[PDB]
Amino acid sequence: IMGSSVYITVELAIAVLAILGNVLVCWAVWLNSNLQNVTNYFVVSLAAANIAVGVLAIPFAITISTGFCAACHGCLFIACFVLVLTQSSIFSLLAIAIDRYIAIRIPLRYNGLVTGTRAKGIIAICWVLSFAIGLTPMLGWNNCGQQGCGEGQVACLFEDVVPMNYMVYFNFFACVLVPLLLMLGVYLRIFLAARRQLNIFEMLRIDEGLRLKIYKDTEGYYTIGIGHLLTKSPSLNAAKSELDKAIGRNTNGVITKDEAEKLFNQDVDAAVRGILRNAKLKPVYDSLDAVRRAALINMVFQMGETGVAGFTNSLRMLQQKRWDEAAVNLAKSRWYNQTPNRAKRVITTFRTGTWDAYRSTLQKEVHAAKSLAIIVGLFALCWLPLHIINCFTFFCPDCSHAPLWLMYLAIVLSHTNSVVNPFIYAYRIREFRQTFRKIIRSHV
């Protein structure tokens, strides 16, 4: 069997695989309401782009490898679409990655930044850029201006109509490499967040939250950082002025993470001084190690000293280092009943003296980082070979040419992006995974 038959069969097989898997992803989000979030707005968009790739782009990419005689612009149109439909997938993928950057790195401002309306607005921007970039050759940047096929006709091959300086300068750098570098920067950032060094600052950030902008707290007072009240005055300018005084520089109501940590360490200093001046809490705070002290401070920040001093029985056990007995006793209060998540983490800290309960909470980010490593690795493996090949053909024509099977393999790889990248991310999600199981077992 000759090569062309192998290429078409493999290219067609990938088309079905790209269609089946991405139909599944949209099906799951369609019936399961736990998947009807804003993140999966982007996931479904990518699945749509990938169904079109399997339906239209792949048959086109095949077509523009047969070399039949065609009107130069009629063959140019075919080529540009496969460029459009594939651009649409790259940018759609980039939108998912960024949604995950904000969701993990900046969870408090996420729901505000990324809404259904903002999402559909971004998905729109993605397709508009895809058509603009993909159809640019039709504007005039084509190899058609100039025996074998006749006048006005050329042998319909990709390179015969699409210039190589468009594929290297415009298409590769601006629309393939940049997204990859962006997506890679996303992965590395989430990787450093998931594997971050833990401390009282990180503890309170997990329990209460970090805000690098000024915000009104539950009692309407302006606040910044981790619950650091600036002023009770209704004047935002006054809040901004108090902020500048504590920071030193002029902030405009915005600080860096490093500045919120200097505000926090000052609040911690304040909390300890109050603990040391409380006759009930002083003997216990002195008898604890650093990590358990941090958990005692966690309680002060939430209830104040008088509220902590009310735990006479639990405090007693802690001073005697009766960790287990102290824990079960603390599990009884209305503190636990009203904020069980936070109290359960604080108690585990008392019982173990480690950050365990607060490193367990980062496993969700660890899971997010590994899912993105797969996205960026598959993306680099699927797209770099083909575009590296173009770069060598454009900057060094006389160079040793790669064999036809490796060249066409790079094309196959570029189209395998549409079957792995969205689906693999979905399959790593328990909800998605269970929904896939439910639909295939029932309907199939």
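Just count from 1 along the sequence shown to find any residue number.
- According to the entry, the deposited sequence places 4 to 9 unmodelled residues between residue 146 and residue 147.
- Here the stretch with the larger average CA B-factor, out of 243 to 251 and 182 to 190, is 243 to 251.
- On average the C-alpha atoms of 23 to 31 have higher B-factors than those of the other stretch, with 23 to 31 and 375 to 383 being the two compared.
- Between the residues 153, 142, 352, 298, it is 142 that shows the highest Cα B-factor in the PDB record.
- Per the deposited record, 320 carries the highest C-alpha B-factor of all listed residues (197, 320, 237, 92).
- Per-chain ranking of the deposited C-alpha B factor places residue 416 in the lowest third.
- Sorting the modelled residues of the chain by their CA temperature factor places residue 397 in the highest third.
- Residue 219: CA B factor in the highest third of modelled residues in this chain (values from the PDB entry).
- Looking at the C-alpha B-factors along this chain, the one for residue 274 belongs to the lowest third.
- Among all modelled residues in this chain, the alpha-carbon of residue 58 has a temperature factor (C-alpha) in the lowest third.
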